[PDB]
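In: Here is my input; please provide its structure:
(one chain, ligands or ions: 2)
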Amino acid sequence: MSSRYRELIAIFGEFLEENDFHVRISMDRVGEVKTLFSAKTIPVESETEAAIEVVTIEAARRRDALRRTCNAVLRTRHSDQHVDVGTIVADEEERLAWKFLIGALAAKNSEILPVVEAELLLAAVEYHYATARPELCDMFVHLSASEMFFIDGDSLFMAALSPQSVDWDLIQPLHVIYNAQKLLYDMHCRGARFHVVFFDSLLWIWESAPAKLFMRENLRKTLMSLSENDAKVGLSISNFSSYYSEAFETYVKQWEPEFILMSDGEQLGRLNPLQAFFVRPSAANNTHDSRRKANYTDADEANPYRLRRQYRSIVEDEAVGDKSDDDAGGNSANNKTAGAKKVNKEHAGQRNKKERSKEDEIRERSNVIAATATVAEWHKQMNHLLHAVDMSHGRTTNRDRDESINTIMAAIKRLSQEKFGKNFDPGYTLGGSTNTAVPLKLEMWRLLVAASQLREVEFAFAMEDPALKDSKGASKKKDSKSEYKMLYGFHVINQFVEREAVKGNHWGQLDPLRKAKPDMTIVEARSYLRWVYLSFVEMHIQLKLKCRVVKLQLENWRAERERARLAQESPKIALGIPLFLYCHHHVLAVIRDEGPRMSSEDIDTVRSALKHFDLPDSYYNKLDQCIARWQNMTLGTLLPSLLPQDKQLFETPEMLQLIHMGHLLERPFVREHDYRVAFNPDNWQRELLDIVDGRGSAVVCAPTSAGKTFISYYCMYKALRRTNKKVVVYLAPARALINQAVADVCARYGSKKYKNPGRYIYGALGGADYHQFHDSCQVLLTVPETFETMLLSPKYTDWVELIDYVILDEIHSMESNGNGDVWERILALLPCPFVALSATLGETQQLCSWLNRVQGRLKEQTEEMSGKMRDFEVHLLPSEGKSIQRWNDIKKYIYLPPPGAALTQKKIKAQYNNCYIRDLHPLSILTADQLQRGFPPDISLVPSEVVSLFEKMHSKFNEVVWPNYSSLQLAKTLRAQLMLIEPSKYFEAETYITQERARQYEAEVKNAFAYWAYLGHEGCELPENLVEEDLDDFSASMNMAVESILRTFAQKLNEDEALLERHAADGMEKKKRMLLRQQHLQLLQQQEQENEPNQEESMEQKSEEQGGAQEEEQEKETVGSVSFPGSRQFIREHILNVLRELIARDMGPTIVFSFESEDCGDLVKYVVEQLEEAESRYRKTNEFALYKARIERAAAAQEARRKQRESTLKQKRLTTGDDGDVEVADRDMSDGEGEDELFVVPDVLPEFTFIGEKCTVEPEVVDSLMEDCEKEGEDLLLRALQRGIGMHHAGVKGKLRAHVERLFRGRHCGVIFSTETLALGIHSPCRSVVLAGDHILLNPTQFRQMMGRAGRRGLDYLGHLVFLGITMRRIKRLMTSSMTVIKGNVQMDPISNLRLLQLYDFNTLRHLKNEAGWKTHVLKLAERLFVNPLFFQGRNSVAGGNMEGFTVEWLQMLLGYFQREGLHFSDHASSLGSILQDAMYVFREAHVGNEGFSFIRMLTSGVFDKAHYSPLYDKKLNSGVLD
Ligand SMILES: Nc1ncnc2c1ncn2[C@@H]1O[C@H](COP(=O)(O)OP(=O)(O)O)[C@@H](O)[C@H]1O
Ligand SMILES: [Mg+2]
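Out: Residues are numbered from 1 along each chain as shown. Ligands and ions are numbered 1, 2, ... in the order given. Take a look:
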């Protein structure tokens, strides 16, 4: 204590004038010191914001750095002999150390500068390397790689020469370079990179030990790759130099966006040569792009590094370099607890979320086989019956056909009051109230059609397809009128007439042939014929009301074009489109249908509008013509164009067809499909269903919005409807937890009754419901591990055989970010037909082979009986294709504020963009990318992507004329394609609108674009020239050709992708660097103000030295001090404003994605803050004073009327006698009870456009959910929720979080803040998707779940993904990447094989008989396991291929290692144990061959005959650690 603080002063004063300690008593010029440190290195003060936090943020982790810079300065400022002495400050020696400094700084003012500045710039680069703790990632695989990756070789060489950590193996006499080859052959072989290696050198700095052992490898790999190929040689390398140094490597580094792999440091130090000149690149990188650094650790695959932490800018200098618990709880405490709670389980799940509809379920009980008999027990002639049976129970005819006709009454009565309507007068618009009406009315009579305008007569069969037609046209042709039907409706009498006629055969022999004759004029002959009259009443009734829409759309669309024609241009066709698409929707009905005239109705109305709408003739004759076949069964021909019947043009900048294509998003989607069992839905089902109806395997790819999961509950429909005794199973995306709520909710579209326990669903292990209820039920819901144990697991075997049928979710999403071993196990083993669920998988074939294989192996094992029928595995893509990414397009447009703005913003105010969302147009459309990648995901959309791109492509690959497309047939090889892409884009579904088949154009024109790129920017490498067949390939003009189309790429391309994330992204960083530098113009100048020249013994200024310098901007504020792009909590300031403007472009619900957990809470908090603020800014007597006035005044008056009536009623008194004249009290009591008139002060306007506009759910329950939360209040969810801020994150109770989710789906709330889970095993409606940060992890894996999100189910036309969007480039590295592709793991695992061992040897324990059954089950099991054998990455390991057996060399080593081991249990004295010798009594007889050569079942037979037994105790207790 004392002694050490007597010491340190005596070291100091020797250097320079004695005492610091009292020369001066303070100083106090601290102020000099503190400037000098921080303006380089960080650590001086414990920097305080509002407050320092827990004071181990900057006690512990500060005082390292603080007393580092302290010591390492003073030791260097002790020079004049020694830098050989250490200076270490204690506590009270901090102040001392500073007094020692300040009185040395102003002592000389020359020597001081280098010994500080240099020491600083050294130590800074030391700390920058040390900035750190590290990460553990993981493996290599995730970011290793698409794309441009480098490793600079110097590093490469030292990676081979790296090891102790095992002294180097294999005796070789300095041929070592095999190392390089090995690593190359690892990560190209089963990875991508696109790899580049620099050799960035002479770095070296060798000898530190005799070398080199350099240029050997340099010249080697040079020669290898520049052979040109050899299939072992390629990577590829460049030259350069100049050492490290940038101003060389810049031009490269920019152009091909990458990330980096490099080796600072072990050891071998020496000091300055290594650490210095490697570290400083790292800094450089981070203050360019920013890129990031890895490695030199122990890769292949996973390593270190460092990231996404904020940098010190600038700081540089090159100047080195240099030349029982399931049981007993059911007994003790079960006196009354209370009396069971379980009643609080079932109830919860049975009130749980409502969303979707139904198909048939009722209680069933029976086991069904088919056979019927007389059971009377004869009749045995027909003359023993004569006449047999008659009408009775015929009341099912009587009433039902009365009711039928009573429809046509009501229908045409409702028609009456409508048809005349508000009869039209030219010109008034929009007026016209009944514009609204007919659209509603239409929907009504569509809802109604099922069972009270069509059948009470069965349908029946739905026949074969033409039957509906040919039995219709007949009926009309007997009746005098062309279109029979509605006017004078009811005509079921002349039906009966006709039906009796045509005697021999009743209806003539055509139709009863195809029906396989049922009833002659009895049941079926009536039931059918009825229903085909009758659909065609309903049909024509509606069809007329569709006419009446497109009819009066004429009028509303008149002045819409014409008034605005004068304006500048001639519109509306960007708003005039619904005319056309309505006229489409109308005539869309005809698909089987008899025309409803053309002399009144449909066609006449359509025609008048259509030639008025601009369309010159030619389009005319395509209309009637094609549809003529459809019409006919009815109609004649066509009017001439002559004789008033056309109208004014806009046309030609358009032409006909084009008018559609430019303006609109969204097309039909025609049903017709399956009508007994159905949804309808939209083809995918019409394939999928037929598999499960077999029984089988398969999987469905489906890129999301995807529809995937819900279609699996045909399994549950089968096992429930019919002989319920078999389990259906749904296996989760796993634990935690997300599966559970959805799984539960689905299955409770229809519970079902039983006898004594019985019971419907058991779950678990979880994170809800939680461990047990295990067993009894029909259908299950667990996770991989739970199910596994339940299988092997020897007492649960009973269950296994009763499982038909097992489906398990997600697929791709789990495969990547898991845990993608456990999967393989459960598709190798034991009964099922399976459905399985995946979004996109880029490798086809590879998947399907593995599957189909292991199906055939199951079939094999079940022999000789085989299966009942199926195996086989099917594999649904089957290809245009795409599923519900065809359904709607998703625009991506991204966040970037205009540099320099205000913030807060808020409400009841003018607004525009401003908003940071802008446009985008997908990042990169390029020359270089297209060569390799041509043309990658994610892109699709039309129109306005590839539409006007055509106009470019078609004007400049054809107008070349003709400079080197003339060698060889190149020019025509292109022009044979180009021209033809235009008709194929339209005339798939000509006449009205293309199907949805404007999609197909994208794939068409992908043959245009990518093909050119496979000529390209590169020479003869692609297409690869010399091969005889003609495109090129035998042109030496290939080079020329390549560079003719090189020109023809760039010119058109870069206009469209218009560089938003470059332009103002650099603007923001420009602002950042005018912001940061203004901080150094504060402190520098301020140091002179702190002392002031109101002081000091030098010439007076009287404080004319004050303020900043020297090129001057008004002092430091922008969008904030801390603007600070790509940084955290940047973000929040603008997120409020993003939101508010998305409500005031989009209108839908809004999800916000983030990383869970502290972060998500910080976000929520800040927004609640802002709103509470703005409420304080309304209530303080601005507009508010006026508002409250009214509401207060009128309330008074209300409650005074209460007292008014209370007076006049309280009279006093009827008097008509005496002399008072007439009066009777109380005669007026007609008024009245009134409520509530208002009072508000919780919240008004600033929160009321923040939360959703339109909503649902009666207020009672909403309030009561809030009420619950309030009691146990966690986050103060009670505050956040009611202010519109949804949440869903960890650290929230199950009851509370559950309340949130209902109210987002209920469309009560407007926003929600949560993590990535809500796109996975939970679901919500979305429209504007918001993403906060690109940190700390993304793969295109967990991107593409949220990518296709929005475009809601039958609702929204557009998804919107707004990115934040921290980095500059990484948009590209999400989008432009091709595909998340399978690449699994296994069985080879020790633990698996130990489990299998002990399973077999448990039945070996006392009690054999069943030995037979057991062992042959073990044979089957042994085959079933190791099914291929050998799965995915295991053939890239040590086997090759597909090999196995292979258990032998492991087995034997483990065999004499199981039980030798001392007392075992534990270290306590014998007995327990004394057995330690059992593993020598099985070794010799298992090493006969080593057991002992090829073929599966000789392995396990060899292992029938171990023992392989522990002392009992140990190996059991291994197996029971795991479970
Ligand atoms: N064939 C269909 N036609 C129209 N809407 C459908 C159809 N099938 C499903 N939907 C709807 O779309 C919604 C989203 O589909 P969904 O199956 O939940 O998602 P996922 O792709 O995650 O499996 C469902 O909630 C349902 O409303
Ligand atoms: Mg799903």
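In: which residues touch residue 573?
Out: Contacts for residue 573 (CB atoms under 8 Å, 6 or more residues apart in numbering) come out as 650, 654, 659, 662-663. C-betas here are computed from N, CA, C, even on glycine.
In: cool, and residue 1007?
Out: Under the criterion of CB under 8 Å, 6+ apart, the contact list for residue 1007 reads residue 977.
In: Most neighbours among the contacts of residue 573, which one?
Out: Counting neighbours by other CB atoms under 10 Å, residue 659 leads those with 20 neighbours.
In: What separation do you get for that residue and ligand 1?
Out: Noted for residue 659: a distance of 29 Å to ligand 1, by CB to the nearest ligand atom, to the nearest Å.
In: Make TSV out of the contacts of residue 573 and add distance to residue 639 and secondary structure.
Out: Formatted as TSV, those follow (distance: CB to CB, whole Å; DSSP: H, G, I helix; E, B strand; the rest coil):
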residue	distance to residue 639	secondary structure
650	23	coil
654	24	coil
659	23	helix
662	30	helix
663	29	coil
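In: Closest to ligand 2 out of those?
Out: Proximity of the contacts of residue 573 to ligand 2 (CB to the ion) peaks at residue 663, which lies at 34.4 Å.
In: Does ligand 1 have contacts with stretch 989-998?
Out: No. Applying CB under 6 Å from any ligand atom, one finds stretch 989-998 separated from ligand 1 by no less than 13.6 Å.
In: Nearest the middle, which residue of this structure would you pick?
Out: Nearest to the mean C-alpha position of the chain, by CA atoms, centre = their mean, lies residue 1345 at 1.7 Å.
In: which residues touch it?
Out: Going by CB under 8 Å, 6+ apart, residue 1345 touches 704, 813, 839, 1316, 1319-1320.
In: any idea whether it is helix, strand or coil?
Out: helix (DSSP: H, G, I helix; E, B strand; the rest coil).
In: If you check the chain against ligand 2, which residue is the closest one?
Out: residue 709 (3.2 Å).
In: for that residue, what are its contacts?
Out: Residue 709 is in contact with 742, 809, 837, counting by CB under 8 Å, 6+ apart.
In: Apply 10 Å and report the result again.
Out: Neighbouring residues of residue 709 by CB atoms under 10 Å, 6 or more residues apart in numbering: 700, 730, 733, 742-743, 746, 807, 809-811, 835, 837, 1321, 1323.
In: Can you flag which of those residues belong to helices?
Out: Mapping the contacts of residue 709 onto helices (DSSP state H) picks out 742-743, 746.
In: I'd like those residues laid out as JSON lines, including neighbour count.
Out: Output for these, formatted as JSON lines (neighbours: other CB atoms under 10 Å):
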{"residue": "742", "neighbour count": "20"}
{"residue": "743", "neighbour count": "22"}
{"residue": "746", "neighbour count": "17"}
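In: Of the residues you listed, just say which sits nearest to residue 855.
Out: Nearest to residue 855 out of these is residue 743 (CB to CB; 26.4 Å).
In: Against residue 53, how distant is that closest one?
Out: 42 Å (CB to CB, to the nearest Å).
In: What of residue 1274?
Out: Residue 1274 is 22 Å from residue 53, by CB to CB.
In: Which strands or helices does the one helix or strand residue 1087 maps to pack on?
Out: Secondary structure assignment for residue 1087, by DSSP states H and E: helix 1077-1091. Under the contact criterion of 3 or more CB pairs under 10 Å, 6 or more residues apart in numbering; DSSP states H and E, helix 1077-1091 touches helix 32-37.
In: Check which helices and strands the helix it packs on sits against.
Out: helix 60-74, helix 93-108, helix 112-129, helix 1077-1091.
In: which of the residues in the longest one are buried?
Out: I take that to be helix 112-129. Within helix 112-129, the residues that qualify as buried are 112, 116, 119-121, 123-129, counting by 16 or more other CB atoms under 10 Å.
In: and it, how far from the chain's centre?
Out: In terms of CA atoms, centre = their mean, to the nearest Å, the centre of helix 112-129 is set 47 Å apart from its chain centre.
In: Looking at the contacts of residue 709, which are in strands?
Out: When DSSP state E is applied, these are split such that 700, 730, 807, 835, 837 fall in strands.
In: Walk me through the domains of the protein.
Out: Using automatic domain parsing, the domain parsing of the chain gives 2-129, 149-306, 402-545, 557-664, 684-876, 925-1056, 1390-1522.
In: Please name the nearest non-neighbouring residue to residue 1132.
Out: In space, and not counting its chain neighbours, residue 1132 is closest to residue 1166: 4.7 Å by CB to CB, 6 or more residues apart in numbering.
In: residues in contact with the nearest residue to residue 1479 once chain neighbours are set aside?
Out: Spatial nearest neighbour of residue 1479, excluding adjacent residues (CB to CB, 6+ apart): residue 1459 at 4.1 Å. Under the criterion of CB under 10 Å, 6+ apart, the contact list for residue 1459 reads 1473, 1475-1482, 1507-1511, 1514-1515.
In: tell me which residues in stretch 436-443 are buried?
Out: Going by neighbour count (16+ other CB under 10 Å), the buried part of stretch 436-443 is 438, 441.
In: ugh, wrong one, stretch 391-409
Out: Buried-residue list, stretch 391-409, by 16+ other CB under 10 Å: 404, 407-408.
In: same deal with stretch 32-44?
Out: Result for stretch 32-44 [16+ other CB under 10 Å]: buried residues 32-33, 36-37, 40-44.
In: go on, stretch 716-723?
Out: 716-720.
In: can you give me the end-to-end distance of stretch 1176-1184?
Out: 11 Å (CA to CA, to the nearest Å).
In: chain center to that stretch, what's the gap?
Out: Average the C-alpha atoms of stretch 1176-1184, do the same for its chain, and the two points are 43 Å apart (CA atoms, centre = their mean).
In: Name the surrounding residues that touch that stretch.
Out: Stretch 1176-1184 is contacted by residues 904, 906-908, 1185, 1187-1188, 1241, 1243-1246 when judged by CB under 10 Å, 6+ apart.
In: Please repeat the previous calculation with a cut-off of 7 Å.
Out: For stretch 1176-1184, the external contacting residues (CB atoms under 7 Å, 6 or more residues apart in numbering) are 1244-1246.
In: Can you flag the buried ones in the residues you listed?
Out: Among these, the ones that count as buried by 16+ other CB under 10 Å are 1245-1246.
In: which of the contacts of stretch 1176-1184 come close to ligand 1?
Out: Within these, nothing lies near ligand 1 by CB under 6 Å from any ligand atom.
In: mind giving me a markdown table with the contacts of stretch 1176-1184 and columns for distance to residue 621 and secondary structure?
Out: Converted to a markdown table, the contacts of stretch 1176-1184 look like this (distance: CB to CB, whole Å; three-state DSSP):
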| residue | distance to residue 621 | secondary structure |
| --- | --- | --- |
| 1244 | 63 | coil |
| 1245 | 59 | helix |
| 1246 | 61 | helix |
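In: and the contacts of stretch 1176-1184 as JSON lines, adding distance to residue 214?
Out: Output for the contacts of stretch 1176-1184, formatted as JSON lines (distance: CB to CB, whole Å):
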{"residue": "1244", "distance to residue 214": "76"}
{"residue": "1245", "distance to residue 214": "73"}
{"residue": "1246", "distance to residue 214": "69"}
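In: if we can go back for a sec, just send the buried residues of helix 112-129 back as CSV, with distance to ligand 2 too.
Out: Below are the buried residues of helix 112-129 laid out as CSV (distance: CB to the ion, whole Å):
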residue, distance to ligand 2
112, 69
116, 63
119, 61
120, 58
121, 57
123, 55
124, 52
125, 51
126, 52
127, 49
128, 46
129, 46
